[PDB]
């Protein structure tokens, strides 16, 4: 199986964004036990054979008509020989978020193994968003470790798939898909006019080519997560509602004009809705951001329930596929022509402030003789928005990784936002009933 075909329009959008400013998706996991770098290499060889998109590169004609062709280069593994407990954060902030992975040479993946001073390993999987979402980077980390450390595990190779947009239900394509997008667009414009929601506004102007994403890490322990889940269901909502409400509320407090409403995007996984469905162990990007105009001037749990109620209805109406339709219809042909669309998506698109939640990622606690912890993800932002929270529950905890565009969102501001999210959430969990 090999990838040989033009880039899809959505793929071309990610390809262009990444050229202005690196758009990498990253997973991290901690490994406890004896781990051979040779076994990690063995694992990467097998991972690359398995997945056609990990042995593909991009051919173009002076930036026109990009297409996938085979890549004969191996997946790189960078060793970091020593480090404290936060070395993984330093590698992400100083090297992996800001450095583009060259898709012309390929492959479109780079890994890191940090041998910590405490005798563990922190592994990073770094994949451009063109072929990865949070599920993709976590399943690749899991698969890598399984191939490295589990002799008993069943071998398999993956098919070369059509691009995501080509797998969409027919009702979301052609003239009907265009009609669906038109209906959502008029409704969303009406909500903006009705409610005047705030967005994240930059502290300082940063041109597209100067945009750099940085990361602030937060987490909840198992007991905090359990209480959150309990309180969420008692209030007719979910963990996603709580976390997303918390972020919208934080954005409201940070906003210069203290609006009553905040626009907030939620990337929706649509793997299961494609025809045929894409499995959670296959490579590619299969998420689309759905906006909600959220009234944040209400009791916390009402905000959370409003978010999940609205998002649920939007999902039933296929708003995630409508975004695919928009991008597939409007994605620029090349870098020279890309600025109008990027400016429109910047001013009007849903990814400005995003709560990107994959739910429970089923990362094993044990793989062969290894024990695993701290499996999580985070995403570069590039030109597509300003502030993103990446969420998953794994390994007994909930991870809440905030990425931001530096200078547009200064470090001090990012810190205030993250602290407010956590304080807001913890008040909701601990409020006396």
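Positions refer to the first chain, counted from 1.
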Comparing mean C-alpha B factor in the record for 193 to 201 and 172 to 180, the higher one is 172 to 180
Quick note on 231 to 239 and 127 to 135: per-entry mean CA temperature factor is higher in 231 to 239
Note to self: of 337, 142, 282, 122, the C-alpha temperature factor tops out at 337
Note to self: of 359, 362, 332, 76, the C-alpha temperature factor tops out at 332
Residue 110: CA temperature factor from the record, placed by chain third, in the lowest
Temperature factor at the Cα of residue 218, chain-ranked in thirds, falls in the lowest
Tertile call for residue 102 (CA temperature factor, within chain, third-based) is the middle
On the chain's distribution of Cα B-factors, residue 374 falls within the third called lowest
Residue 384: CA B-factor among chain residues, third -> middle
